[PDB]
Amino acid sequence: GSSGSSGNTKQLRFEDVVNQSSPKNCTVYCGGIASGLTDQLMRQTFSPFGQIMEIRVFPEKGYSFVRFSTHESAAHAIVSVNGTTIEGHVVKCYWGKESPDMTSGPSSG
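Shown next as structure tokens:
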């Protein structure tokens, strides 16, 4: 028989992901692919994971966007995709947050 145990606390808990960001804004930032980024890919990949609203593939930056109609579905695909290898390329699933358009006044801490 074989053995191999040396891990503790990994990935992201569904309860943690389904809260990180407001329930109103549900986005999934999938970054990793470089020589295999295609709308059909992300669509088919998240297709089942849940319902997809908008998809943006950036084969020049090495990342893509995927927003769901709900927070749950998004969290599911995230908790999973978060640490998966597509076509031999590790991808990262995050909560696509809208960039700050207006704010004025930097900070630090």
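Letter 67 of the sequence shown, counting from 1, is numbered 67 in PDB author numbering, and no numbers are missing.
Where a beta carbon is used, it is the ideal one built from N, C-alpha and C, also for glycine.
- Item | Whole-Å CB distance - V28 paired with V57, under 8 Å assumed | So it is not a contact: roughly 13 Å between Cβ atoms.
- Distance, Cα to Cα, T9 vs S35? The alpha-carbon atoms of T9 and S35 are separated by roughly 31 Å.
- How far does the beta strand (DSSP E) with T27 in it reach, from first residue to last? Bounds of the beta strand (DSSP E) holding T27 are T27 to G31.
- Rounded straight-line distance, which links the Cα of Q40 to that of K97: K97 and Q40 have their alpha carbons spaced roughly 23 Å apart.
- Item | Helix, strand or coil at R13 according to DSSP, with G and I counted as helix | Under the three-state reduction of DSSP output, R13 falls in the coil class, being neither helix nor strand.
- Would you identify the three-state DSSP class for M53, choosing helix, strand or coil? DSSP places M53 in strand when its eight states are reduced to three.
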